[PDB]
> 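This is the structure I want to talk about, given as structure tokens.
Every heavy atom of this structure was used, including side-chain atoms; hydrogens, water molecules and symmetry mates were not. Numbers here simply count residues along the sequence, with the first being 1.
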Amino acid sequence: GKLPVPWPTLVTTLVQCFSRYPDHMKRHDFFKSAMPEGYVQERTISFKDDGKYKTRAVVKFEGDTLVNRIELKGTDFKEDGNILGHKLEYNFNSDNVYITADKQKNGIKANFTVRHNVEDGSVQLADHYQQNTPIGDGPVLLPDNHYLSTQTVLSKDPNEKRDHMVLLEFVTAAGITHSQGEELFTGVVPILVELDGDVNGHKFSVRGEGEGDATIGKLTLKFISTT
């Protein structure tokens with residue numbers, strides 16, 4: 001079934017443990033340090049002049065697969081707005097996401113705005129508010145302020161009958177001027193993403209399969225509507 005929302009609005013919700021942390025930043029990689037027990041990732045994504053998504057996700061290893069399992073609830077959207085009206089271009093611009101430590105919760109947080117191109121040449125803003133907390137009790141790495149720089153390309157599989165999104169993404173960490181979970185990310189790691197969604201009461205689900213190569217910061221995934 002056709003997703004009730006544009007695929008680009010789900011990219012940030014659909015595993016920053018696969019970002020490339022260069023060796024000189026190895027003491028600042030919270031996402032890998034939480035593994036294998038993992039972390040909870042919570043967001044509110046507020047679309048300017050429109051509704052909002054609230055998301056809660058569990059990111060962790062299950063056997064040798066890195067899994068990202070999400071519940072998403074969207075409310076107060078306009079049925080003829082850019083999101084429920086499917087008015088967004090099928091692409092996804094570069095971001096620099098500033099990560100800061102959340103010492104009281106033993107985690108990290110981030111606030112950033114995604115710019116979605118609209119088909120008429122305007123832009124739809126999506127304000128992200130993000131909080132990440134480790135699931136385990138063992139120690140994690142609390143980072144200095146830094147950022148993640150992203151690049152994403154979206155494509156279609158001509159032989160896929162279901163509504164879908166093919167995604168390729170490169171992410172590298174930068175910007176510090178001042179557990180053995182990281183060892184699980186050597187080489188290529190298979191990834192499963194599962195999302196259960198409800199936007200304005202329109203129910204849908206997404207499954208993604210692929211792999212991540214954290215040494216180079218590369219994600220390759222195909223997502224299908226399984227509604």
> Could you work out, with side chain to side chain contact (heavy atoms under 4.5 Å, CB included) as the rule, every residue matching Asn82, not counting sequence neighbours?
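Result, side chain to side chain contact (heavy atoms under 4.5 Å, CB included) vs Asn82: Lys87, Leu88, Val118, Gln124.
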> More than 12 non-hydrogen atoms from neighbouring residues, nucleotides or ligands closer than 6.0 Å to OH on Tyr129, yes or no?
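Check fails, neighbour count at 12 or below.
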> Find out whether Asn106 and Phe30 are in side-chain contact, i.e. whether some heavy atom of one side chain is under 4.5 Å from a heavy atom of the other.
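Answer no - side chains too far apart.
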> Treating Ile, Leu, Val, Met, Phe, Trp and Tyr as nodes and any side-chain heavy-atom pair under 4.5 angstrom as an edge, say whether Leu192 and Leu72 lie in one connected cluster.
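Cluster IDs for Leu192 and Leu72 differ.
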> How many angstroms lie between CG in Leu167 and CH2 in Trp7, if you round to the nearest 0.5 Å?
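Result: 10.5 Å between the selected atoms.
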> The test is salt bridge (charged side-chain N to carboxylate O under 4.0 Å, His left out); show your working for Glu42 and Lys54 and say whether it passes.
CA-CA 8 Å; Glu42 291 179 342; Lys54 286 207 180 299; over 6 Å; no
> Is it the case that more than 12 heavy atoms not belonging to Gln151 sit under 6.0 Å from its CD atom?
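Counting other residues, nucleotides and ligands, CD of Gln151 stays at 12 neighbours or fewer.
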> Got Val59 and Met35 here, is their nearest side-chain heavy-atom distance under 4.5 Å?
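Yes, side chains in contact.
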> What's the separation between atom NZ in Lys78 and atom CG in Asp49, rounded to the nearest 0.5 Å?
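Nearest 0.5 Å value for the NZ-CG distance: 5.5 Å.
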> Looking only at the side chains, is there a donor atom on one of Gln130 and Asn111 sitting less than 3.5 Å from an acceptor on the other?
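Checked: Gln130/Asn111 side chains show no N/O donor-acceptor pair below 3.5 Å.
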> Supply the atom-to-atom distance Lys161 NZ to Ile224 CD1, rounded to the nearest 0.5 angstrom.
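Atom-to-atom, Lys161:NZ and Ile224:CD1 are 12.5 Å apart.
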> Hey, is the main chain of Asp95 close enough, under 3.5 Å, to the side chain of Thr150 for a donor-acceptor pair?
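Yes, because the side chain of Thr150 sits within donor-acceptor range (under 3.5 Å) of the backbone of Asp95.
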> Answer with yes or no whether the side chains of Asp127 and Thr113 bring together a donor and an acceptor at under 3.5 Å.
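Note: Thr113 and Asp127 side chains meet the donor-acceptor criterion.
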> Is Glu71 salt-bridged to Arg56, cutoff N-O under 4.0 Å?
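No, this pair does not count.
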> Flag the pair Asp102 / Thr133 as yes when at least one side-chain heavy-atom distance between them is below 4.5 Å, and no otherwise.
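SC-SC contact between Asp102 and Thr133 ruled out.
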> Taking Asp157 as the fixed residue, which of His164, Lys222, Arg162 is the one that meets the side chain to side chain donor-acceptor pair (under 3.5 Å) rule?
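Considering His164, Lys222, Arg162, a side chain to side chain donor-acceptor pair (under 3.5 Å) with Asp157 is found only for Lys222.
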> Examine distances only and state if a side-chain atom of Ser33 and a backbone atom of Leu141 form a donor-acceptor pair shorter than 3.5 Å.
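Yes.
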> If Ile, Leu, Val, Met, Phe, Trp and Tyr residues are connected whenever their side-chain heavy atoms lie under 4.5 Å apart, and connections chain through other members, are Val153 and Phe170 in the same group?
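Same hydrophobic cluster.
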> Does a side-chain N-to-carboxylate-O contact under 4.0 Å join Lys32 and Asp29?
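Judged by the 4.0 Å cut-off on N to carboxylate O distance, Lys32 and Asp29 do form a salt bridge.
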> If you define the side chain from C-beta out and look only at heavy atoms, does anything of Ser19 sit under 4.5 Å from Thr172?
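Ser19 does not reach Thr172 side chain to side chain.
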> So among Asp213, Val189, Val171, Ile216, which one has a side-chain contact (heavy atoms from CB on, under 4.5 Å) with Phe18?
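That would be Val189.
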> Identify whether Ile176 and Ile99 are in the same connected component of the hydrophobic contact network (ILVMFWY, side-chain heavy atoms under 4.5 Å).
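Linked within one cluster.
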> What residues form a side chain to side chain contact (heavy atoms under 4.5 Å, CB included) with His86, not counting sequence neighbours?
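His86: side chain to side chain contact (heavy atoms under 4.5 Å, CB included) contacts with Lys2, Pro6.
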> Nearest 0.5 Å, what's the CD-CZ distance between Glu37 and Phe61?
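Reported value, rounded in 0.5 Å steps: 12.5 Å.
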> Quick one: sort the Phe47 and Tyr53 rings into parallel, tilted or perpendicular, breaks at 30° and 60°.
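Because their plane-to-plane angle is over 60°, the rings of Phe47 and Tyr53 count as perpendicular.
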> Taking it one step at a time, do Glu209 and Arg207 satisfy salt bridge (charged side-chain N to carboxylate O under 4.0 Å, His left out)?
CA-CA 7 Å; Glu209 300 175 8; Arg207 181 189 180 91; 2.7 Å; yes
> Measuring from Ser179:OG to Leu184:CG, what's the distance to the nearest 0.5 Å?
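Spacing of OG (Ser179) from CG (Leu184) equals 8.0 Å.
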> With side-chain contact (heavy atoms from CB on, under 4.5 Å) as the test, pick out the partner of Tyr21 among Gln16, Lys26, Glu182, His146.
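Among the candidates, only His146 passes.
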> Any ion pair linking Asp198 and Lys73 (charged N to carboxylate O, less than 4.0 Å)?
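Salt bridge present between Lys73 and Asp198.
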> Are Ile191 and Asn68 side-chain neighbours, meaning at least one heavy-atom pair lies under 4.5 Å?
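SC-SC contact between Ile191 and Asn68 ruled out.
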> Could you tell me whether a side-chain N or O of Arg115 sits under 3.5 Å from a main-chain N or O of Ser94, the two making a donor and an acceptor?
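Checking the backbone N and O of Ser94 against the side chain of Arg115, no donor-acceptor pair under 3.5 Å is found.
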> Kindly indicate whether the side chain of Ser225, heavy atoms from C-beta on, has any atom under 4.5 Å from the side chain of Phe204.
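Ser225 vs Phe204: side chains apart.
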> Under 4.5 Å between side-chain heavy atoms, counting indirect links through other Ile/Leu/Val/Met/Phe/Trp/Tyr residues: same cluster for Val11 and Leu84 or not?
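Hydrophobic grouping puts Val11 with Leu84.
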> Please say whether more than 12 non-hydrogen atoms of neighbouring residues, nucleotides or ligands are located less than 6.0 Å from CG in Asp120.
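Enclosed: over 12 neighbouring heavy atoms sit under 6.0 Å from CG of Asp120.
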> Between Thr100 and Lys109, do the side chains contain an N or O donor and an N or O acceptor separated by less than 3.5 Å?
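On atom types as modelled, these side chains qualify, holding a pair under 3.5 Å.
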> Could you give the distance from CG (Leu10) to CG (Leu3), rounded to the nearest 0.5 Å?
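Going from CG on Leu10 over to CG on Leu3, the span is 6.5 Å.
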> Between the main-chain N or O of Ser205 and the side-chain N or O of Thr227, is there a donor-acceptor pair closer than 3.5 Å?
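Answer holds: yes.
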> What residues, two or more places apart in sequence or in another chain, satisfy ring pair (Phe, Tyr, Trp, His ring centres under 6.0 Å) together with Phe112?
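For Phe112, the residues satisfying ring pair (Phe, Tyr, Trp, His ring centres under 6.0 Å) (neighbours in sequence not counted) are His128.
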> State plainly whether one hydrophobic cluster holds both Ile108 and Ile135, where clusters connect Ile, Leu, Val, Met, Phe, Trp and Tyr through side-chain heavy atoms under 4.5 angstrom apart.
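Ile108 does not cluster with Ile135.
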> Hey, is the main chain of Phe31 close enough, under 3.5 Å, to the side chain of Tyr39 for a donor-acceptor pair?
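Not confirmed, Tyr39 side chain does not pair with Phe31 backbone.
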> Are any of the side-chain heavy atoms of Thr220 and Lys218 separated by less than 4.5 Å?
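With C-beta onward as the side chain, the pair touches.
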> Do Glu194 and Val206 have side chains that get closer than 4.5 Å, going by heavy atoms?
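Counting from C-beta outward, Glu194 and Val206 never come under 4.5 Å.
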> Counting heavy atoms not belonging to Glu79, are there more than 12 under 6.0 Å from its CD?
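Above 12, so yes.
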